[PDB]
Every structure is written in structure tokens, then in C-alpha cells.
């Protein structure tokens, strides 16, 4: 008997602390989650934090696919750590690449990973949300994603019908596969998340993990017809949601540092406003790393960028 929409506003605006737990090992990618971070975030005025987690490398590959305890223990440190500063939290299964290239083979392990996770946290504050799986793609096609997400729901609810669940989209989590999304009729406490990076060439200009991203380096943002496109996409989102009775959460959105601060502030500000206009919850892609809004070793936010994220 929970209202997801009421839960979506609880979540509100927040941010990702990535390049952390979704890396092969925490640190591998530069960021190690400090307990103090939750202070900055809170005092900073954020309602929640999203913590991407790569469980797939911290769990046995043979039945019953048990999750290794030191890691599990580490996630606990991070959960209550955010809960302290009164921040709400979103955890998920992030970068499970073998599942994206061979779903059927890893489907079993996946369902098992959630059974464990849901149980481990089934009685935690209701301000903790469960994100099924980050940006399904590859061979984990849209129609196949629908089947897998439903079974994760059955795995979760059987353990708990208290926490709101976040369901993404396929084809890398953007709007391309939105239409094709199907959340079971019986699920009544879920939120739909979309990653919005749309001006991809702009947001990912120079992303070393994206092939051919070199041809984007140097792009700028802040033009007319420019926003009309994005606006029609936000409307598409909005129309889907109104016709599907599901709240929206923009789980990720941000511009890579190689873009010029100016067009990064214009895009963020714009998209944030368009997101609040439609009353969407959302989280800026990552706190301090290569997409950062807070420079770790130098203690200082990019206040303008931050000003754009905060109301």
C-alpha cells in the first residue's frame, strides 16, 4: 500500500558517486567512497545519492552464486553512511557485462544476486530504493529485458513489498527503447528511470570508453532548435509516463569534463529545469570524477554547475 509517486518526490534531486563501486574493484577507477562525502552532498542540499554497484565481480560464479561478505559488508558501510546525513539512497546492479552479452547464461545468477540483496536489506529505511539493472544493452534486447525485469520483480517482492523498485530501459537506458518498455500490471510500487545524455556527442565528447567519440571533442551547447529537440523527447517521456501510470526518475545525466564549462552549465541547467517542470526525480552523473561537480583533492564545488543542479 505505497504510493510510488509519493516515493518519487521523497527521492527528489540527488547524485551519483560513480567510478567507485561499479569499477572492477573500488578505487580501480579513481574514486573511493569516503563517509565524509555524505556530509558534502547533504549540506549541499541534495535529497539522495545513487550508488552504482558491480556485484557481478564480488560474487561466486557457481551455484548458488553467493555474494562475498567483505564486499556485502562494504555496501552496508556505504548505505547507512548516506542514511546518516538523512539522504535517501539508490543501489543497483551495475556493469554486469556478461549478462548483457549472454543474458540467458547469466539470468539465473542475476536473479540470485537480487534474492540475496533484497533480503540483506529488506527491512532497511524505506528511503532506500532498488534499481534492477543499469542500462541494459547488447543482446539483452528490449523484448528480452521485459522478461528479465519481470522475474527480478518476482524475486524481489517475494522478499519484500516495502521498497520502491527502479526499472530502467533497454538499448543503453535512454529513450530509444522506452516505448518498448513493459512493466507488469501487478507491480504497483515502481519508478521508471531513464539516462539522459541525448546530445551524446556533446555529453560524451572524448569518452575513452566510447569508440569514435574523438569526432565529438570540442562541441558546445546552448542553441534554439537545440532545445526544441530535447523538449520533444522530454514530452515523449512525459507522454509515456502519463499513459503508463509510472513515475520517472532521471537516474543519470551529465556532461563529460572535456566539454567547456559554459555549455556544460547551459545543458545541465536546461535539462534540470525541464526535469523539474515535469516533476521528475533525478541524479547528476557523478560527484567527483571525470564528470564531477566536486573536486575531491581541493575541496571546492563548481558552484555554477552546482547552482544549476540545486533548484
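Residue numbers count along the first chain shown, from 1.
Averaged over their C-alpha atoms, the temperature factors of 227-235 and 108-116 are higher for 227-235. Taking only CA atoms, the mean B-factor in the PDB entry is higher for 254-262 than for the other of 271-279 and 254-262. Sorting 32, 59, 248, 51 by the CA temperature factor given in the entry leaves 32 at the top. Between the residues 207, 152, 90, 167, it is 207 that shows the highest Cα B-factor in the PDB record. Among the modelled residues of its chain, residue 96 has a C-alpha B-factor that falls in the lowest third, as given in the PDB entry.
When the CA B factors of the chain's modelled residues are split into thirds, the value for residue 142 lands in the middle one. The deposited CA B-factor of residue 199 belongs to the highest third of values across its chain. Sort the modelled residues of the chain by CA B factor and residue 134 lands in the lowest third. Among all modelled residues in its chain, residue 213 ranks in the highest third by Cα B-factor.
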